[PDB]
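**Student:** generate a structure from the sequence data that follows.
(2 chains)
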2 protein chains.
Amino acid sequence: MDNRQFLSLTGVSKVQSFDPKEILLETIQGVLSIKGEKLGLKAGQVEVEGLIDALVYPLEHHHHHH
Amino acid sequence: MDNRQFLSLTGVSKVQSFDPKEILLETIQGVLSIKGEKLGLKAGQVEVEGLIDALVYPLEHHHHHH
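**Tutor:** Numbering: from 1, shown residues only, chains lettered A, B, ... in the order given. Sharing the structure here:
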């Protein structure tokens, strides 16, 4: 079926990197990493077109008991 | 600037849990979890506004351990 999706975000703190195979943008204070394939201004907003095959974001906050 | 940001996503298979302090949307690959505060329609699209302080997504797919 259609697994393609669009992801948009703004208020980015800085552009750590921008690649069609991986995009890294730091927002607020954490860093968001986008992984997928075929990831190809105004309002100061940015949009992205491609299928997300994975997402990784450090959750520096989890401690858990065991 | 600021910490508030706009985030929208489409092509979601089904909503698992929609809460203002937590959102779990079952989309391609698996389920995307979003954590923060104040995280909250035609076209079948979903829009969420708020400060994202943490993001957790399962990057399994293939085995990778050391």
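
**Student:** how about the contacts made by the nearest residue to residue A:32 once chain neighbours are set aside?
**Tutor:** Nearest non-adjacent residue to residue A:32, counting by Cβ to Cβ, 6 or more residues apart in numbering or on different chains: residue A:57, 5.2 Å away. The C-beta positions use only the backbone N, C-alpha and C, and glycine is treated the same way. The contact partners of residue A:57, taken as Cβ atoms under 8 Å, 6 or more residues apart in numbering or on different chains, are A:30, A:31, A:32, A:33, B:54, B:55, B:56, B:57.

**Student:** show only the entries of the residues you listed found in helices.
**Tutor:** Counting by DSSP state H, no part of those is found in helices.

**Student:** now the residues you listed: which count as buried?
**Tutor:** Taking 16 or more other Cβ atoms under 10 Å in any protein chain shown as the criterion, what is buried in the contacts of residue A:57 is A:30, A:31, A:32, A:33, B:55, B:56, B:57.

**Student:** bridged to residue A:12, which residues?
**Tutor:** Judged by DSSP bridges, the bridge partners of residue A:12 are residue A:27.

**Student:** that one: how many residues sit nearby?
**Tutor:** 17 (other Cβ atoms under 10 Å in any protein chain shown).

**Student:** if we can go back for a sec, nearest to residue B:5, of the buried ones among the contacts of residue A:57?
**Tutor:** Set against residue B:5, the nearest of those by Cβ to Cβ is residue A:32 (10.3 Å).

**Student:** surely the closest one touches residue B:53?
**Tutor:** No - contact criterion Cβ atoms under 8 Å: residue A:32 and residue B:53 do not qualify, at 11.8 Å.

**Student:** grab the nearest non-local neighbour of residue A:39.
**Tutor:** Nearest one to residue A:39, counting by Cβ to Cβ, 6+ apart, is residue A:50 at 3.6 Å.

**Student:** residue A:14 too?
**Tutor:** Nearest non-adjacent residue to residue A:14 (Cβ to Cβ, 6+ apart): residue A:26, at 5.2 Å.

**Student:** so what's that neighbour up against?
**Tutor:** Contacts of residue A:26 by Cβ under 8 Å, 6+ apart are A:12, A:13, A:14, A:16, A:32.
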